[PDB]
Amino acid sequence: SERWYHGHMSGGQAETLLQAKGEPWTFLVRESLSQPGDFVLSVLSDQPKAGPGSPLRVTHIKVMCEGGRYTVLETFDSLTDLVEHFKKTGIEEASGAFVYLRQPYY
Amino acid sequence: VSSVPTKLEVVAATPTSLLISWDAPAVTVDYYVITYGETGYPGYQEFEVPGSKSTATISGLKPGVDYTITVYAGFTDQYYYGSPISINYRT
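Structure determination for this PDB entry is given in the record as X-ray crystallography, at a resolution of 2.75 Å.

Looking at the PDB entry, one finds chain B named MbC (monobody targeting SHP1-C-SH2) and attributed to synthetic construct. According to its PDB record, this entry is titled "MbC/SHP1-C-SH2 complex".

Going by the PDB entry, chain A carries the name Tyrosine-protein phosphatase non-receptor type 6 and comes from Homo sapiens.

Okay, here's the thing in structure tokens:
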């Protein structure tokens, strides 16, 4: 519940980290460098960025945090309870586009 | 933080792509960060751009969809990015 968290890490470094270890639905949590106090769910999709062989598309999801609650709707006591909940069914990253949390990036 | 990119326009668009241009803020910028995603949804894509560049091309969008395009100033000095400017464009 803490080893998928990587703290102060940029979105581009997450992408590099997840694309190299290139298995779909590999995720990690990092704090947002755009909004302090919030966090970002960085997930490696199964969709290639371009043609065959190209790296897989990395998707970032804002997770807002105020009043000690966490939300991406419903809220959660901790980042763990958030990650645990969306691991079941996924996150609708865009209209009809879902990402899934299968493998944590340690 | 006030020193935020002062304008952000779509200079040319195809149904699946955009060519955005911003104007540099008053302060020297090391790099710009740009996010984009569908308005109302929590997912976004991200890519960085050297501080000498004021235009970027966003590709792979779905036609007739409102996307939210955001630019941040990046400084090696600062822990966090600068204040953002963001627009909404329909492909």
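*Asks:* What is the right way to look at the overall build of chain B in this model?
*Replies:* On a plain count of helices and strands, chain B comes out with zero helices and seven strands. Going residue by residue from the N terminus, the α and β elements of chain B occur as β-β-β-β-β-β-β. For 91 residues, the compact-globule estimate of 2.2 N^0.38 gives 12 Å, and the C-alpha radius of gyration of chain B, at 13 Å, lies within 12% of that figure. Based on the C-alpha atoms only, the size of chain B along its principal axes is roughly 40 × 25 × 20 Å. Burial analysis of chain B (91 residues in total) assigns 41% to the buried set. For chain B, contacts bridging at least 24 residues in sequence account for 54% of all contacts bridging at least 6. Looking at chain B, you have 4 positive and 8 negative side-chain charges, and the mean spots of the two groups are 10 Å apart.

*Asks:* Please explain the sheet that holds strand 5 (residues 55–59) of chain B as it appears in this structure.
*Replies:* Through backbone hydrogen bonds, the strands of a sheet pair up, either in parallel or in antiparallel fashion. Residue and element names in this part refer to chain B. On the basis of which strands lie adjacent, the open sheet formed by three strands has the order 1-2-5 and antiparallel pairing. Strand pairing shows two members of the sheet lacking a second neighbour, strand 1 (7–14) and strand 5, which therefore form its edges. The average angle at which neighbouring strand axes cross in this sheet is 25 degrees, direction not considered.

*Asks:* Just to check I follow, could you spell out the pattern of salt bridges for this structure?
*Replies:* Any two side chains of opposite charge can pair if their charged atoms end up close together. Residue and element names in this part refer to chain A. Throughout the structure, instances matching the rule amount to six salt bridges over all chains. Residue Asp 77 pairs with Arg 69 through a salt bridge whose shortest N-O separation is 2.3 Å. One salt bridge connects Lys 87 with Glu 84, and the closest N-O pair in it is separated by 3.4 Å. Residue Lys 87 and its partner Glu 84 are located together in helix 2 (residues 79–89), separated by three residues, close to a single helical turn.

About the thresholds
- Residues numbered from 1 in each chain as written, not as in the entry; some residues may be left out.
- Chains lettered and ligands numbered in written order.
- Heavy atoms only, no water.
- Helix = DSSP H or I, 4+ residues; strand = E, 2+ residues; numbered from the N terminus.
- Rg over C-alpha atoms; globule rule 2.2 N^0.38 Å.
- Buried < 20%, exposed > 50% of the residue type's maximum accessible area, 1.4 Å probe, protein only.
- Contact = heavy atoms within 4.5 Å.
- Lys, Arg positive; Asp, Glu negative; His and termini not counted.
- Charge placed at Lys NZ, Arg CZ, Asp CG, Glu CD.
- Pairing = 2+ DSSP bridges.
- Axes fitted to C-alpha atoms, helices over the stretch in contact; angles between N-to-C directions.
- Salt bridge = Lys/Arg side-chain N within 4 Å of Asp/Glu carboxyl O.

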